[PDB]
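So you know, we letter chains A, B, ... as the sequences are listed, proteins then strands, and number each from 1.
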Amino acid sequence: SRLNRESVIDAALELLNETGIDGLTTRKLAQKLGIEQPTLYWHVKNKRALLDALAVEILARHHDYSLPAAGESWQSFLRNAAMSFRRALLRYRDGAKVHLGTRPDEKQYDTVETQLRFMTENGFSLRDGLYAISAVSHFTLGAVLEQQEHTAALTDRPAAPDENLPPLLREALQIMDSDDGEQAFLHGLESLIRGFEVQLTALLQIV
Amino acid sequence: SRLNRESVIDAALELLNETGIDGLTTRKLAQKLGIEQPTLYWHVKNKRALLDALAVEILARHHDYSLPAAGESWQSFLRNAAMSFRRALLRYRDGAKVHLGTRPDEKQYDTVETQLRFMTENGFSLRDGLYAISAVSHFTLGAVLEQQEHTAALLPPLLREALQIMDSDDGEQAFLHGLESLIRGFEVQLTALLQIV
Ligand SMILES: C[C@H]1c2cccc(O)c2C(=O)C2=C(O)[C@]3(O)C(=O)C(C(N)=O)=C(O)[C@@H](N(C)C)[C@@H]3[C@@H](O)[C@@H]21
Ligand SMILES: [Cl-]
Ligand SMILES: [Cl-]
Ligand SMILES: [Cl-]
Ligand SMILES: [Cl-]
Ligand SMILES: [Cl-]
Ligand SMILES: [Cl-]
Ligand SMILES: [Cl-]
Ligand SMILES: [Cl-]
Ligand SMILES: [Cl-]
Ligand SMILES: [Cl-]
Ligand SMILES: [Mg+2]
């Protein structure tokens with residue numbers, strides 16, 4: 001079939017949902033596109049190049065709240081960006097692991113520049129602006145990776161017998177498995193934003 | 001060599017530092033222990049069983065702050081536990097990746113129960129206590145994973161100055177700053193009770 005960049009990325013993302021990141025190979029991608037391996041090689045050098053392109057493409061296509069709206073608060077921007085980032089990572093099987101090996105992308109640098117500009121215009125030092133954006137990224141990626149890797153582990157092993165669990169852990173596992181982590185994620189996200197605001201408003205005061 | 005659980009884990013952790021998690025295989029572990037693969041199989045069924053055990057044993061060996069001190073505040077306990085957890089994950093190559101997706105083991109049940117109970121004794125519902133602990137875990141894992149990926153790997157104006165600041169250390173500054181933000185947010189939520197906040 002067609003081997004323009006867009007068609008190859010489309011095929012590879014479909015293959016990722018079929019196999020997961022560990023099972024995704026250039027050999028399987030060639031099969032899916034109906035070509036020989038040295039044909040594919042002209043388009044796609046190796047698995048690493050393929051993953052770098054998927055990582056960038058997943059955010060380009062599906063992370064559509066990367067920029068603040070006109071007049072938006074920095075609180076609302078971090079909340080909206082975090083929810084978008086999390087949705088984008090959950091959209092594909094092992095998506096967060098695909099992201100975790102992104103390369104530098106010039107277009108992602110212009111976006112982070114706009115986000116750091118926005119934070120500093122709203123009163124953040126460059127340091128505190130970067131720390132806030134980083135913490136939101138770290139928290140969000142950590143929450144998604146724990147959801148996706150736990151799913152991936154239920155593919156291989158089981159989950160331990162319920163009847164030796166102490167009571168609060170039993171109830172905690174009931175709560176953490178009652179959704180895809182969304183309630184926990186949204187609650188932690190409010191805690192993180194409010195922490196940042198207490199720090200911003202403190203200026204040089206002991207806090 | 002010797003294939004008691006402890007010797008196998010010792011060998012697998014040494015191998016992890018050599019290869020990383022993707023490169024860690026039962027075949028390479030058999031080589032390191034000087035045995036054939038079907039000997040290893042008697043002791044270690046597969047990579048998933050090995051990774052599950054390493055996640056547990058890394059914390060048993062190196063996570064020294066899993067329980068509150070006598071009289072400690074929940075704020076100080078979360079801070080101390082998060083710093084310990086991060087140090088434990090940084091001790092081995094791809095340590096965070098080893099942890100991801102695991103759930104508490106039966107050997108950890110008493111510890112993690114005491115952590116949950118401790119939060120409830122300090123005014124949190126089990127749910128809100130779990131939400132706090134989970135946020136700390138997710139933030140710490142994310143921060144370590146980004147530091148371990150930068151190791152594995154190794155501009156606009158504000159970003160350039162930000163990269164100077166980020167790479168003047170390992171990640172510890174950004175980590176500890178975010179951790180204070182998360183703790184303070186949990187406190188603002190706890191102290192609000194049923195007030196709009
Ligand atoms: C309560 C645990 C839990 C409950 C429900 C689902 C889960 O996935 C977990 C965990 O995975 C926890 C950990 O891994 C700990 O790191 C964990 O296992 C642990 C420990 N063994 O001392 C910690 O220190 C905890 N943390 C870093 C402060 C944390 C546990 O609190 C949770
Ligand atoms: Cl073509
Ligand atoms: Cl194209
Ligand atoms: Cl689609
Ligand atoms: Cl491949
Ligand atoms: Cl707003
Ligand atoms: Cl032996
Ligand atoms: Cl032993
Ligand atoms: Cl293997
Ligand atoms: Cl204290
Ligand atoms: Cl109890
Ligand atoms: Mg865990």
Side-chain angles (χ1 to χ4, degrees), chain A residues 96-97 100 138 141-143 145-150 152-153 156-157 159-160 169 176, chain B residues 2-26 28-29 32-33 40 43-67 77-116 133-134 136-152 170-172 175 179:
Chain A
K97 282 173 144 176
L100 188 52
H138 294 346
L141 184 60
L145 279 160
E146 286 253 71
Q147 162 67 24
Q148 283 183 334
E149 283 293 82
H150 178 248
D156 303 329
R157 54 148 214 239
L169 181 58
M176 223 67 204
Chain B
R2 193 98 160 70
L3 306 180
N4 57 304
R5 178 184 168 89
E6 175 170 11
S7 293
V8 171
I9 295 287
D10 289 347
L13 285 169
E14 181 181 288
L15 179 61
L16 177 65
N17 277 341
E18 294 176 4
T19 69
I21 190 181
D22 286 355
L24 179 65
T25 71
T26 60
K28 284 159 178 177
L29 176 55
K32 181 171 284 294
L33 289 160
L40 181 61
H43 292 280
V44 184
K45 293 286 159 316
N46 47 56
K47 180 169 179 177
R48 162 57 40 205
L50 181 59
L51 290 186
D52 284 348
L54 292 188
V56 171
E57 288 320 328
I58 287 163
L59 302 189
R61 288 166 178 215
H62 303 297
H63 181 37
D64 307 322
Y65 214 115
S66 58
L67 293 180
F77 167 63
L78 293 180
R79 177 186 302 112
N80 276 323
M83 283 186 287
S84 180
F85 183 53
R86 167 164 183 282
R87 178 167 69 253
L89 296 171
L90 279 173
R91 211 214 178 242
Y92 297 94
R93 181 163 175 194
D94 295 331
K97 286 177 165 172
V98 170
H99 192 85
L100 287 176
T102 62
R103 296 286 177 79
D105 187 78
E106 304 186 342
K107 289 213 265 44
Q108 304 171 322
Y109 283 177
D110 289 350
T111 295
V112 301
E113 187 74 0
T114 303
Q115 296 174 339
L116 288 165
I133 280 164
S134 290
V136 168
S137 286
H138 296 165
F139 171 64
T140 299
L141 282 162
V144 168
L145 282 155
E146 296 280 45
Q147 171 175 358
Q148 293 181 326
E149 289 297 313
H150 177 117
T151 300
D170 57 322
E172 199 181 22
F175 167 72
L179 178 61

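Remark: side-chain polar atoms of B:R79 are not paired, donor with acceptor, to backbone N or O of B:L179 under 3.5 angstrom. A side-chain donor-acceptor contact under 3.5 Å links B:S84 to the backbone of B:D64. Judged by distance alone, the side chain of B:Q148 and the main-chain N or O of B:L89 form a donor-acceptor pair under 3.5 Å. For B:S7 (side chain) and B:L3 (main-chain N/O), no donor-acceptor pair under 3.5 Å exists by modelled atom type. B:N17 contributes no side-chain N or O that, together with a main-chain N or O of B:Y92, makes up a donor-acceptor pair within less than 3.5 Å. Panel note: side chain B:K107, backbone B:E57; no donor-acceptor pair is recorded below 3.5 Å. With A:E146 contributing its side chain and B:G101 its backbone, the two residues share a donor-acceptor pair below 3.5 Å.
Across B:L29 and B:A12, no two heavy atoms sit closer than the pair CD1-N, 3.8 Å. Of all the heavy atoms in B:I58 and B:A88, the pair that sits closest is CG2-O, 3.4 Å. Across all non-hydrogen atoms, the minimal contact from B:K47 to B:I21 is NZ-O, 2.8 Å.
Remark: B:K97 engages B:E149 in a salt bridge, criterion side-chain N to carboxylate O under 4.0 Å. Using a cutoff of 4.0 Å between basic side-chain nitrogens and carboxylate oxygens, B:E18 and B:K32 are scored as salt-bridged. No salt bridge links B:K45 with A:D156; every basic N to acidic carboxylate O contact stays at or beyond 4.0 Å.
Inter-residue side-chain proximity for B:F77 and B:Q115 is flagged as met; some heavy-atom pair is nearer than 4.5 Å. Counting heavy atoms from C-beta on, the side chains of B:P104 and A:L169 come closer than 4.5 Å. No side-chain heavy atom of A:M176 sits less than 4.5 Å from a side-chain heavy atom of A:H150. Within the 4.5 Å cutoff, the side chain of B:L141 has no heavy atoms near those of the A:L145 side chain.
Taking the six-membered ring for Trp and the full ring otherwise, the centers of B:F139 and B:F175 sit less than 6.0 Å from each other.
Interatomic distance, OG1 of B:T26 versus CG of B:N46, reported as 8.0 Å (0.5 Å rounding). Of the inter-residue distances, the one linking B:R2 atom CZ with B:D10 atom CG reads 11.0 Å to the nearest 0.5 angstrom. A distance of 9.0 Å separates CD of B:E172 from CG of B:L90, quoted to the nearest 0.5 Å. Distance check: B:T102 OG1 to B:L54 CG gives 11.0 Å after rounding to the nearest 0.5 Å. Put simply, CG on B:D94 and CG on B:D22 are 7.0 Å apart, with the number rounded to the nearest 0.5 Å. One distance of note links NE2 of B:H63 with CZ of B:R87; it measures 9.5 Å at 0.5 Å rounding.
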Worked verdict on B:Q108 versus B:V56 for side-chain contact (heavy atoms from CB on, under 4.5 Å): CA-CA 8 Å; B:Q108 304 171 322; B:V56 171; 4.3 Å; yes
From CA spacing to verdict: side-chain contact (heavy atoms from CB on, under 4.5 Å), B:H99, B:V144: CA-CA 11 Å; B:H99 192 85; B:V144 168; over 6 Å; no
Test log, rule side-chain contact (heavy atoms from CB on, under 4.5 Å), inputs B:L51 and B:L24: CA-CA 9 Å; B:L51 290 186; B:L24 179 65; 3.9 Å; yes
Evaluation steps, side-chain contact (heavy atoms from CB on, under 4.5 Å), between B:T111 and B:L67: CA-CA 7 Å; B:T111 295; B:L67 293 180; 4.1 Å; yes
